[PDB]
Each structure stands twice: as structure tokens, then as C-alpha cells.
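> Would you be able to build a 3D model of this:
(one chain, ligands or ions: 1)
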Amino acid sequence: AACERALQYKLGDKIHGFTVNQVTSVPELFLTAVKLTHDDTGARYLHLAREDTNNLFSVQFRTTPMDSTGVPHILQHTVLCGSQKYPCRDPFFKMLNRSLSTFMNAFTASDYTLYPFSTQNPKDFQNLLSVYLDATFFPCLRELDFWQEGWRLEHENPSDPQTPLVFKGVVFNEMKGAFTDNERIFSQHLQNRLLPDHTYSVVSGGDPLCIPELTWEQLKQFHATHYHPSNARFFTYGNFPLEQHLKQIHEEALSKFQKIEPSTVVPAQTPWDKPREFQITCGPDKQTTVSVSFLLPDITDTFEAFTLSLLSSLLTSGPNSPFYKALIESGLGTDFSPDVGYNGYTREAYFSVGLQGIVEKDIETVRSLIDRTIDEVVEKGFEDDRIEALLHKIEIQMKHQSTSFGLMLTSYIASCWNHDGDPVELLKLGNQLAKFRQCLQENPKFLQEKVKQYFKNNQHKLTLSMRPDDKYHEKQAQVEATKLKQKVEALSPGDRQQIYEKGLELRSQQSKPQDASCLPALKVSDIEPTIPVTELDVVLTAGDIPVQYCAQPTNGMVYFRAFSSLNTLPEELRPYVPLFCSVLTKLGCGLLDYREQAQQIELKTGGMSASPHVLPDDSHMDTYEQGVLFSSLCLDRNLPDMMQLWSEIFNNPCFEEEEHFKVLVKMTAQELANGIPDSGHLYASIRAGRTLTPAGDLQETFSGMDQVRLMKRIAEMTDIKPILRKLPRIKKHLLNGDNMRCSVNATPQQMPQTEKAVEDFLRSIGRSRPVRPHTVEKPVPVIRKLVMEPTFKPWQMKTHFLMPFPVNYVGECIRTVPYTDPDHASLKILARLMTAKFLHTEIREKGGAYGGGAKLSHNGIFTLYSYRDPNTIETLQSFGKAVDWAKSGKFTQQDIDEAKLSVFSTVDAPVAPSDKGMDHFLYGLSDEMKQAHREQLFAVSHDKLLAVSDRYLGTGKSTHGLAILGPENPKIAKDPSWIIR
Ligand SMILES: [Zn+2]
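Numbers count the residues shown, from 1 in each chain. Structure data below:
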């Protein structure tokens, strides 16, 4: 075992230029931590040895911008554009298709940049390690790679210098879209105002109005100052041998450097003498946000950070928390303000609390309630059972097995490590918990004293309020048009000529097919021919309810799911099903009111939820399954309590709870509205697909813009009673055992108790004709009752949702073929091929959009999309040209092999013990069906790819749907084939 092998390392051991400084067992996480330092550079290393085949590498640099140009963000994009050992264009994106990685990305936080990848293949790991090391330490930083990724002046037609110069660039648009999210605007300003003295006062990602101030030389300087191994932290996780990692890191990078003292220290924020307050504005959607925030200690004091994080949870988490009762239940707002709770990304942490959706006349009342709540907590402290619930919640987080543990761990330790803290102390949760408990036993006023010290008597307090401006982005555009004009007018004739020539040069480099034989690569033969079979046992229970049991190493956790059909539900009630689902476990049950119920759920489970699903059939486009998925998890010992809760929720849910219902509705509506820009492409594609299949229509109703708008309507109702009365009607057709199947994932030793607890639940719920005339029994590989609409006819629609956004989100959906159709595998390969070889270049590289690609869903919907796109019309035109390119067959066998690697990267991604058997449980596909599909994927050839392109994607071949979220577009507005919404 990897963790055992690492215990053999001794202090003082020398390995490939590193010295072992510490070896620590962390048995609660089944791992051994090895701390090392590189001898010559002083670079810090942490290896977490654990029996996990999904290994991760990351390198972290302390990056401290002193302006809002976004230099560390733009640098992060640019280092991935070519390096000394791999000078070809775009090593990172190319490696995405030459690898079987489980994760490959890069992130820029406020004061660090982090470069992680993960994979379960050891050769692949070495390959990706060499590319990442070369990119971060020896990057090309070519002027034109920057122009592409950062910002540039470019003629609207690069080969026509009489066309106007405009701003373009990937990060430029990425950040425009990031600050389309009004919570992100608030969150950025909060940090900037609370920590105004140093690096934390600026916009590290890039303020769009500041980006064009960035120069190429500034970009290179920032790299020279921050990207030295003395300024870095190296991290590996998993069961691959440490020695090979150290050998690569030393020989390919660190051996070329000597020790420096980096000029990258982030100094302490000097505490204020008196609180401050500020007001800002932000875009339209009466709706004022206000928060109060407090500066907290240095996160490098790990136990104090741990204590304050838990304290922040006690203060703000759930309907029983003091701030929830005082602020959310007050009905003064819709939801908590952004970044509520503990914020520990910055050298000094901070706590924040407040509300959004408040009428401006209520700001002072909110501020007063915040102060009154603090005084009350100081005086009365916290309920002991809530503290037990929190410690229980942490136990669940400790025991639950995830597939991305390495990524979670490096992200969790990053900020503390950034400021020379000790990441190993962060891993010792058992110690931290025990010390926290001992601190409660020894001082009964421990938490009260902490609240008094950090909240009541703390002068470093910020009140920030934000109010919408209906012309927010318009004013930004006007300022941008202004700055553009100033730059352009300043151009000498030589400058204009340089811009023209370099623009043409960049376009050429973006167009010319290039040799990539530089990069390492796996081969298709490195893909496993078959997959391990999933073992499950289906037992008919409580008569004829099928229950699926899947024994897994869940580490003492039980995962329960029940699926209940929607086939008997009157169709008029369908749009209210998502609302029903969101409040079902939150309104109280039986003798438990909503507060008692929340406490029991927090104390006894890791969560209990219901959600509506539409599950497409594997063989027929116009057949689907519809129902509600009930999902929960708990520790072994709490299983009977969990099922008792499910029994009460199914039998006696509190549908008379009108007050709390209104709170939940307004929270849900607020959250759905806030999340639109971040998921803009998803909303576009859901709309575009809604007229293509019966399932698609239902999905729009459940989770599309229609559902967002319905929730917003409901949240504005003066009398919510007519809605509330629909809930019992829904309960009647759903909360029973008439059309149900369940699943259980647990350890084989926990299985026997679980079968009994599950049987009792099923016997405890109600028992004893589909509203659709055509229902069909589809046996598995459990009879599922599906809806088929044999007279469904797809039709084309084009919808433009007018949004006050500075960028666009575009979706085009095309009806193709279901999973078991042999052409499905070809279309799946084609989606990645088109993304990698056409769409990424046209839409992102040339266009400047943050994202552009194609994908194929299980339902057979082929979707082309863009994300944070400055274009609309040109993007739709590129979709058409992508199809023309596919039909031309102008791609190589190597391009196809790379598309396969990419697809299999996704398809063969690790599945958590809790999620095993879910493919079978939900979609009813057996291992035999998946393996057949896998073989079809392996057999996809060049001739098949051009055939399916012509057969399904060509004009007039299949039905298409289109949707756009974005601002006014004159051309679309004048086209009567477009619906404006
Ligand atoms: Zn970025």
C-alpha cells in the first residue's frame, strides 16, 4: 500500500535533489503525508501517499498583482501557449486530446495561481508533468499568444485595414462574462474594500476596463518575478511512486535554478480604528444587497481558522442559525448576501453576513438586526445539539469517498500554504476536532468569547451596499468606446501598420495547420478494451418494489435513492413539481416542525433531497421516463433515523407551513435568477432542444428559463395559497409505492441492516392509470414504465432572450439518434473532433469567446454552443462552417485517435463508490449495453465520420433549434424567424 510505503521514508533522506523534512500518518484520511524541500532552490513539496489510482499533481505560485490589468490571469493563459521544450502552438489544449486525464486545468486566485492535473495512467502522468513543468517555468510568452489570450486591437476584418479597430481577447471576454454575475461584482468589491492596502485591493482576474493597460513587457516581468521555484509549492497525491515525480521535477526544471528570496510577500492588513461603509452599483436583473463583514486573524493560525470556520457555520448555516432566523425569516430580503460565512482565501480571513433582495428602505433595519443578533449570541451562545450536528457534518465530509480527493486537498491547503503556513496541520482533522471539543468542555463560554472578540469589539468592519443601475453595462460600453477611441487616435502611422501586419500574422498562426510531434501522447491502445463489471442484486421488496443493492467500499456511509414515476400526475401540475421537490424535505413532517426537521436532518444525515428527472430512452427519441428522484446519505449508525425521516416525509409532510414556504420560494427564485449568466449556455441549449423531443420539452419546463420565470412569478405573489394547495395534489400521485424503485449503496457488512430499514420504509408508505395513452413496459436490462409519444413531430424555433449582458451565450441543437443506434458513437467522436479541430479555433481563438464547442447527449441531441461570446451571428455562421468542414473529411486519422482519447477521458472517468450502479438504476443501461457502445466507439472510422456529418448535421437533414442569451441584436430583431423573449 502506498501509504505504508511512504512510512518507510526517514527524516534526512535525499531523493533526486530533495530532502525529506517530515513524515506524518493521517489515518482518518488513509494517507501518509511526506514533506520535502528542494535542496538548491528551497522549493516546498508535499506528497500525500494514498491507495488511490486517480493521482494528482499541482504546482502553485504566489502571484501578487498591484493593479487590475489581470496580469496573473492573463499570464496563466499565456504560459500554456507554448514553451521551450514544446514550442508548438497551444500545448495545453492539444494535450487535452493526447491524454486520458481525469482533470486538466489552471486557476488564478487573488494571490496565487494553481496548475493541477490528474490521471489514472502513470505514463500519462509523466507526460502531463513534463508539459506543465515546461509551461510554468520555461514558457514562450510570445507577443501574439498574449494578443490572443489577453487583449489586442484588431481590425474587424484583419485582411482589410480600412475596417475599424476593436478590442478582442479571450480573458477580456472571460472577465466581461464573469462580472455579468452581480454576486461576483459584489464579492470582488467586498474583498477590495475590506483589504485595501496591498494586492487584495485590486481585481486579480482583470477588470475589463483595465485589461488593455497591460503591456507585453509587464506580462513577461510578472512571470520573471513570480514563476521561480523558490516562490512555488509542489503537490502530489495518490499511489504512483514519489521518486519518479521528484526525478522529473528536479531534472526537467528545478536543476536550472538557484535559490532566491521572492519579492512576493503579502504583508498583514493593518486593522482599522473605525468601521467603514461604501456603496456600489451593478447591472439590472427593490433589489438592494447589503452585507457587514469583519476582518479575522491570519489563516496560518490553523486551529483558530478551524474554530472560526465552524463558528461561521453555526452563525449562518440552515434555518436554525441565528442570522437565518433574524434576517431570512425577517422577510426583509430574498436570500443571504454573497460570500456569507467564513472566507479563507486571503491571508487574513473574513466573516460576512447580510441580505440580497431588500427594499432600500430596509437597509438600516438589516444593519440593526445584524448587530442585535451578535449581542444575543454573545449573551446566550449556541444550542448544544446544533454543535453536535456540525461535528456530525464534518464526520460525513471526512468519511465520504470522492473521486477527486487530490484536487479537493490541494485546493483546500492552497491559501494557507501560500502564506508559509503548514498544510499538514490542515490535514489533521481528528486533532482539530478533538481540540475543538476539549475547548468546549473546558470553557462553556468559549464560542461566546470568540463572537465577542471578533464581531462585537472588532473595529475592522465593512458595511457594503449595492444597488442596481439599469444602464450599468451601457455606461461600461460607453467608457470602453471612449478608451478605444483614445488609444486608436494616439496611433502613429507606423503603429497602425504594425497592428495590421501582426493581426494578419496572428490570423495566419491560428489558421496554418502545425506539427505537434513535439508533444508526448498516449495511443488508443492505451485505452482498456473492457470495463470492470458492476455487481448488483435486485430484490423485490414490500411486494413488488424492486430495490437495487450495490456493495461498495463506502467507508461506513449509506446512500439511498428512490425513484417515483410521474405518469399518473395531471399534466397541469408538472411545472410545479420542481418547487414541490425543493420544499418537500423542508416544511416539517409529522410532529416535527420545519426547524425540528432541519435539525434532525443535519444531525442524522448528510442531506435529504428530491429532484425531478426526465430520463431519455436508449433506443427511441420520442420515448422517456419521468419521475422524482429521492436521494439521501448517512453514517451507518444513523440509517434507521434516516429512513424514519423518509417515512414521515412521504406520509405527513407539512404543507400547511405557509410562512416558511414563502421564504423557500423567494430563496429559490433568487438563486435561480442569480445563476443564469454562469450557466447561460445551458439555458440556451435547453431552450434550443425543447422543440426537438418530448423529453426536451419537459426539461425546459423543469429547469429551463420557463422554470426560472415561473419561480420569479410565484415569489412575487401577494397570496401564495393557490400554489401551496397544489402540493397535496402532487403528493398524492408521487409519495407512494405504486410506481417506485430504490437503490442502496453501502459496505457489504452494512447491507443486511439496510435491507430491513428499506423494507420497513416501503411498507410504511401508501399503496394502490397513466395520463398518457401510450405507456410502454421496458424491461431491464425491474420493469420501467415509460411514456412514448409516437405522434410527436419536432419543429424548428429560434429564440433570443434579451438580457442586459455584455457578452452572449449561444446554443444550436440538432435531433440525431439515440444511444443504441450505431451512428451515435460516430456522432460522439465527431462532437469532440469538431470541438478540438474547428470550433475552439473559430469561436475562442479567433473570436475571443471564453468557450466554444459541440457535444452529444444521451438523448441524441447534438449541441453546438458558445459561452461568454462577443459574437452571435458570426458564431451561428461558424456552426454551419463546422458542419461543412466535417462533411469535407479534411481531418486525419491522428485527429480521430485524439477525439477517441478525449471521449474515453470523459467516459472512463472514475466513479465514486456511492455512485456505482446509477447508470443501471437511472437509465437502465446494462454493462452489456455500455460495452457494445464502447466497441462502436473503438470502431469509428474516417468514412463513418463524414457519413454521419452529411446524414444528420447537414442543412435540411434534421430538425434544428436555436437560442441566444444576450443583449439587443439589430439583425436578429429584424428577422421574423426569431422569437424575442
Ligand atoms: Zn481565465
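
> which residues sit against stretch 122-137?
Residues from elsewhere that reach stretch 122-137 (C-beta atoms under 8 Å, 6 or more residues apart in numbering): 55, 57, 59, 61, 79-80, 83-86, 91-92, 95, 98-101, 104, 115, 117, 119, 227, 229, 240, 244-245, 248-249, 252-253, 256, 519-522, 526. Yep, even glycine has a C-beta here, placed from its N, CA and C like the rest.

> From those, which land in helices?
Taking DSSP state H as the definition of helices, the contacts of stretch 122-137 contribute 91, 92, 95, 244, 245, 248, 249, 252.

> Residue 168: which of those residues is nearest?
Among the ones in helices among the contacts of stretch 122-137, residue 92 lies closest to residue 168 (C-beta to C-beta), at 20.3 Å.

> Buried ones among the contacts of stretch 122-137?
Buried by 16 or more other C-beta atoms under 10 Å: 55, 57, 59, 61, 79-80, 83, 85-86, 91-92, 95, 98-101, 104, 115, 117, 119, 227, 229, 240, 245, 248-249, 252-253, 519-522, out of those.

> helix/strand/coil for residue 662?
Following DSSP: H, G, I helix; E, B strand; the rest coil, we place residue 662 in the helix state.

> Can you give me the neighbour number for the residue nearest to residue 893 when sequence neighbours are not counted?
Residue nearest to residue 893 in three dimensions, not counting chain neighbours: residue 942, with 6.5 Å by C-beta to C-beta, 6 or more residues apart in numbering. For residue 942, the count of nearby residues is 13 (other C-beta atoms under 10 Å).

> and what of the one 10 residues further on?
Applying the criterion other C-beta under 10 Å, we find 20 residues in the vicinity of residue 952.

> Pull the contacting residues for it.
Taking C-beta under 8 Å, 6+ apart as the contact definition, residue 952 lies against 814, 816, 817, 823, 827, 862, 958.

> let's see 7 Å
Contacts for residue 952 (C-beta atoms under 7 Å, 6 or more residues apart in numbering) come out as 814, 816, 827, 862, 958.

> Helices of the stretch 551-700 of the chain, residue ranges please.
Taking DSSP state H, counting those that start in this stretch to define them, one finds helices in the stretch 551-700 of the chain at 577-583, 594-604, 639-651, 658-674, 680-689, 694-703.

> The last one: what's the following helix or strand?
The first helix or strand that comes after helix 694-703 along the chain, using DSSP states H and E, is helix 705-715.

> and the residue of the chain most remote from its centre, how far is that from residue 162?
What lies farthest from the middle of the chain is residue 493; by C-alpha atoms, centre = their mean that is 46.7 Å. Taking C-beta to C-beta, to the nearest Å as the measure, residue 493 falls 14 Å from residue 162.

> Repeat that for residue 487.
18 Å.

> can you give me the helices for the stretch 701-850 of the chain?
Under the criterion DSSP H, counting those that start in this stretch, the stretch 701-850 of the chain contains helices at 705-715, 721-724, 726-734, 751-764, 822-834.

> Take the ones you listed and write them to TSV, including mean neighbour count and distance to residue 877.
Shown next, in TSV, are the helices of the stretch 701-850 of the chain (neighbours: other C-beta atoms under 10 Å; distance: least, C-beta to C-beta, whole Å):
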stretch	mean neighbour count	distance to residue 877
helix 705-715	18	25
helix 721-724	14	44
helix 726-734	18	45
helix 751-764	17	55
helix 822-834	23	15
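
> For residue 517, grab the count of nearby residues.
Under the criterion other C-beta under 10 Å, the count of neighbours that residue 517 has is 8.

> Also residue 417?
23.

> residues making contact with stretch 530-537?
By C-beta under 7 Å, 6+ apart, stretch 530-537 touches 548, 549, 550, 916, 917, 920, 927, 930, 931.

> farthest-separated two in those residues?
Counting by C-beta to C-beta, the most remote pair of the contacts of stretch 530-537 is 549 and 931, 22.3 Å apart.

> Which one of those two is surrounded by more residues?
The neighbour count for residue 549 versus residue 931, taken as other C-beta under 10 Å, is higher for residue 549 (20 against 14).

> That one in helix, strand or coil?
Using three-state DSSP, the three-state assignment for residue 549 comes out as strand.

> Okay, it and residue 927: tell me how far apart.
From residue 549 over to residue 927 the distance is 16 Å, taken as C-beta to C-beta.

> repeat for residue 522
24 Å.

> could you pull out the helices for the stretch 151-300 of the chain?
Under the criterion DSSP H, counting those that start in this stretch, helices of the stretch 151-300 of the chain are mapped to 170-178, 182-194, 216-226, 242-252.

> So which of those helices is the most surrounded?
helix 170-178 (a mean of 25; mean count of other C-beta atoms under 10 Å).

> For residue 260, state which of the ones in helices among the contacts of stretch 122-137 is nearest.
Using C-beta to C-beta, the ones in helices among the contacts of stretch 122-137 come closest to residue 260 at residue 249, 17.5 Å.

> Residue 511: how many residues sit nearby?
Residue 511 has 11 neighbours, counted by other C-beta under 10 Å.

> Can you lay out the helices of the stretch 551-700 of the chain as TSV showing distance to residue 531?
Output for those, formatted as TSV (distance: least, C-beta to C-beta, whole Å):
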stretch	distance to residue 531
helix 577-583	32
helix 594-604	35
helix 639-651	30
helix 658-674	37
helix 680-689	28
helix 694-703	27
